[PDB]
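S.K.: Pasting in a structure now, in C-alpha cells, and then I'll have a few things to ask.
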Amino acid sequence: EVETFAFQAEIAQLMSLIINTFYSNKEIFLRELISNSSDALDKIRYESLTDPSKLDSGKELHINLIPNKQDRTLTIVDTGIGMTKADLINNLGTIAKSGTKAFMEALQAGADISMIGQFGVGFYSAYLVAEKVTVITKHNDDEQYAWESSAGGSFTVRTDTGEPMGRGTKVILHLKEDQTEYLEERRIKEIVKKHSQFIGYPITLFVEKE
Ligand SMILES: COc1c(C)cnc(Cn2cnc3c(Cl)nc(N)nc32)c1C
Ligand SMILES: [Mg+2]
C-alpha cells in the first residue's frame, strides 16, 4: 500500500541545507505554509467561477491552525484545491528544481533563508522546525493521499484511510524537541499578525483543552 520514492537530487540537497544550517529566524516556516494555503484557496475559488460544481466537495474556504501539545504536532489545514498523486510524485518536484537551484545560488552569493518563498520552494522551510512532515490531501480529480518524509533522501505516498477531507490539504508538522514554542497560542498569534495580516481567508487558531 505504501510506495517509496527518491527525491530529485536538487530537492534532497536543499532539504539537507535547511536541516543542517544554523539559522535562528525559524518562525518564517509558518508564513510560508500559510501563503501556500492562500494560493491553493485562490486556485479553487478561481476554478469555481466557471464550474461551480468544483465546490460540491465543500463551499467553505478557510485556514485552520491546530496545535497539539500531547503529540507535539502543529497542523495547518486548508480547503484549497489540493494535490493529485501526480503532483505529489512528480509535478511539484519538477517545477521546484529550477527555483531550488537559483535559491542555492542566491544563498552562497549573499541571501538568507527567509527569502526561500521568493523562489517558490517555501514548503521545505517546514524542516527548520520538523523532524517529519505528513501531508494529507484530496483533489477533486483524485483520491485522498498521505505523503510523508523525514528527509533523508526519500518520501512515501499511500492512499489515506483516515477521516475523509472533502477537499484540501493538511500539513502535519512533527516538531523537533527544542521547537515546541510553536505550540503556544501566544507565539502563533505573534507570527500570524507579524507575517500574514493581509491574507484574504479566515484563519482560525484552535485552542487546546489541555
Ligand atoms: C507534498 O508536500 C508538498 C511538497 C512536496 C511541495 N510543495 C508543497 C506546497 N504545495 C503545493 N501545492 C499545494 C497545495 Cl494545492 N496546497 C498547499 N497547502 N500546499 C501546496 C507541498 C504541500
Ligand atoms: Mg472552522
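Chain lettering (A, B, ...) mirrors the order of the C-alpha cells, residue numbering begins at 1 for each chain separately, and ligand numbering begins at 1 in order of display.
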So which residues are near ligand 2, meaning at most 12 Å away with only C-alpha atoms and all ligand atoms counted, given back as a PyMOL selection string?
M.R.: chain A and resi 59-66+76-79+201-206
S.K.: Those selected residues, please, written with C-alpha atoms and delivered as a compact mmCIF listing (two decimals), in the first residue's frame.
M.R.:
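After the write, out.txt holds the following:
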# COMPACT_ATOMS: atom_id res chain seq x y z
CA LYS A 59 -18.03 25.56 -0.07
CA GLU A 60 -16.10 26.87 2.95
CA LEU A 61 -12.74 28.43 2.09
CA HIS A 62 -10.61 28.81 5.19
CA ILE A 63 -7.38 28.00 7.03
CA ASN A 64 -7.23 26.31 10.45
CA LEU A 65 -4.20 26.14 12.76
CA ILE A 66 -4.28 23.27 15.22
CA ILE A 76 -2.20 23.54 9.07
CA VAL A 77 -5.48 22.75 7.30
CA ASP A 78 -6.91 24.43 4.22
CA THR A 79 -9.88 23.72 1.96
CA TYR A 201 -9.29 33.97 4.04
CA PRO A 202 -10.29 33.38 7.66
CA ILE A 203 -7.51 31.89 9.78
CA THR A 204 -8.84 30.10 12.87
CA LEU A 205 -6.44 29.16 15.64
CA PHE A 206 -7.84 26.22 17.61
S.K.: Can you pull out every residue from region 8-191 of chain A that DSSP, working from the backbone, puts in strand (DSSP E or B), and format the result as a ChimeraX atom specification?
M.R.: /A:63-68,73-78,130-138,144-149,154-159,168-175
S.K.: How far is it from CA of residue 165 (chain A) to CA of residue 138 (chain A), in Å with one decimal?
M.R.: 6.8 Å
S.K.: Can I get the residues close to ligand 1 as number ranges by chain, where close means within 6 Å and we count only C-alpha atoms and all ligand atoms?
M.R.: A: 36-37, 40, 81-83, 88, 92, 123, 135, 147, 169
S.K.: Kindly provide the residues of region 69-141 of chain A that approach region 22-29 of chain A to within 10 Å, each paired with its closest atom pair and their distance in Å to one decimal, based on only C-alpha atoms, listed by chain and increasing number, as CSV.
M.R.:
residue,atom,partner,partner_atom,distance
A:112,CA,A:23,CA,8.9
A:113,CA,A:23,CA,7.8
A:114,CA,A:28,CA,6.6
A:115,CA,A:28,CA,9.5
A:116,CA,A:28,CA,9.4
A:117,CA,A:28,CA,9.4
A:122,CA,A:29,CA,7.5
A:123,CA,A:29,CA,7.7
A:124,CA,A:29,CA,8.3
A:125,CA,A:29,CA,5.2
A:126,CA,A:29,CA,5.4
A:127,CA,A:29,CA,8.3
A:128,CA,A:26,CA,6.1
A:129,CA,A:26,CA,7.0
A:130,CA,A:29,CA,10.0
S.K.: For the residues in that selection, give me C-alpha atoms as a PDB file, in the first residue's frame.
M.R.:
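Saved as selection-v6.pdb:
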ATOM      1  CA  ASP A 112      19.362  34.325   3.723  1.00  0.00           C
ATOM      2  CA  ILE A 113      16.855  31.532   4.262  1.00  0.00           C
ATOM      3  CA  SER A 114      13.971  33.952   4.783  1.00  0.00           C
ATOM      4  CA  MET A 115      13.819  34.655   1.017  1.00  0.00           C
ATOM      5  CA  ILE A 116      13.050  30.982   0.305  1.00  0.00           C
ATOM      6  CA  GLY A 117       9.458  31.857  -0.572  1.00  0.00           C
ATOM      7  CA  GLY A 122       8.800  27.765   0.772  1.00  0.00           C
ATOM      8  CA  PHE A 123       7.216  24.447   1.722  1.00  0.00           C
ATOM      9  CA  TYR A 124      10.629  22.946   2.512  1.00  0.00           C
ATOM     10  CA  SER A 125      11.231  25.512   5.280  1.00  0.00           C
ATOM     11  CA  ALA A 126       8.984  23.223   7.354  1.00  0.00           C
ATOM     12  CA  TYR A 127      12.142  21.220   8.054  1.00  0.00           C
ATOM     13  CA  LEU A 128      13.522  24.120  10.031  1.00  0.00           C
ATOM     14  CA  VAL A 129      11.263  23.013  12.906  1.00  0.00           C
ATOM     15  CA  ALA A 130      10.117  19.482  11.986  1.00  0.00           C
TER      16      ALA A 130
END
S.K.: Rank A:170, A:176, A:189, A:195 by their smallest atom-to-atom distance to residue 75 (chain A), using only C-alpha atoms, and report the top residue only.
M.R.: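 So, comparing all the options, the nearest one is A:170.
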S.K.: Report as a PyMOL selection string all protein, DNA and RNA residues lying within 10 Å of residue 150 (chain A), evaluated on only C-alpha atoms, omitting residues in the same chain fewer than 6 positions from it.
M.R.: chain A and resi 15+127+130-134+156+174
S.K.: Return the single residue from A:13, A:144, A:197, A:35 that is closest to residue 101 (chain A), with distances computed using only C-alpha atoms.
M.R.: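 Among the listed residues, the smallest separation from residue 101 (chain A) belongs to A:13.
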S.K.: Enter the distance from CA of residue 166 (chain A) to CA of residue 6 (chain A), in Å, rounded to one decimal.
M.R.: 28.9 Å
S.K.: Taking only C-alpha atoms into account, which of A:30, A:14, A:90, A:7 comes nearest residue 102 (chain A)?
M.R.: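 Using only C-alpha atoms, the shortest distance to residue 102 (chain A) belongs to A:14.
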S.K.: Any idea what the distance is between CA of residue 168 (chain A) and CA of residue 72 (chain A)?
M.R.: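 CA of residue 72 (chain A) lies at a distance of 22.7 Å from CA of residue 168 (chain A).
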S.K.: Please run DSSP on the backbone and report, as a VMD selection string, all residues within region 10-205 of chain A that come out as alpha helix (DSSP H).
M.R.: chain A and resid 10 to 20 28 to 50 85 to 86 92 to 110 185 to 195
S.K.: If you count only C-alpha atoms, which residues fall within 7 Å of residue 99 (chain A), apart from same-chain ones fewer than 3 positions away, as number ranges by chain?
M.R.: A: 96, 102-103, 119-121
S.K.: I need the residues from that last selection saved to file as a short mmCIF file (atom, residue, chain, number, x, y, z; two decimals), in the first residue's frame (with N, CA and C atoms), if you can.
M.R.:
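Resulting contents of part.cif:
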data_model
loop_
_atom_site.label_atom_id
_atom_site.label_comp_id
_atom_site.auth_asym_id
_atom_site.auth_seq_id
_atom_site.Cartn_x
_atom_site.Cartn_y
_atom_site.Cartn_z
N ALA A 96 9.91 22.67 -9.04
CA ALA A 96 10.73 23.23 -7.96
C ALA A 96 12.23 23.15 -8.27
N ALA A 102 18.32 28.10 -8.14
CA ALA A 102 18.54 29.53 -8.03
C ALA A 102 18.64 29.95 -6.57
N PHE A 103 17.82 29.36 -5.70
CA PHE A 103 17.89 29.70 -4.29
C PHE A 103 19.25 29.33 -3.72
N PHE A 119 11.50 32.08 -4.26
CA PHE A 119 11.89 31.12 -5.27
C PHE A 119 10.89 29.98 -5.40
N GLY A 120 9.75 30.07 -4.72
CA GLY A 120 8.69 29.10 -4.88
C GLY A 120 8.92 27.77 -4.20
N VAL A 121 9.84 27.70 -3.24
CA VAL A 121 10.07 26.44 -2.54
C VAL A 121 9.90 26.60 -1.04
#
S.K.: Which of these residues is nearest to residue 9 (chain A), using only C-alpha atoms: A:110, A:200, A:67, A:93?
M.R.: A:93
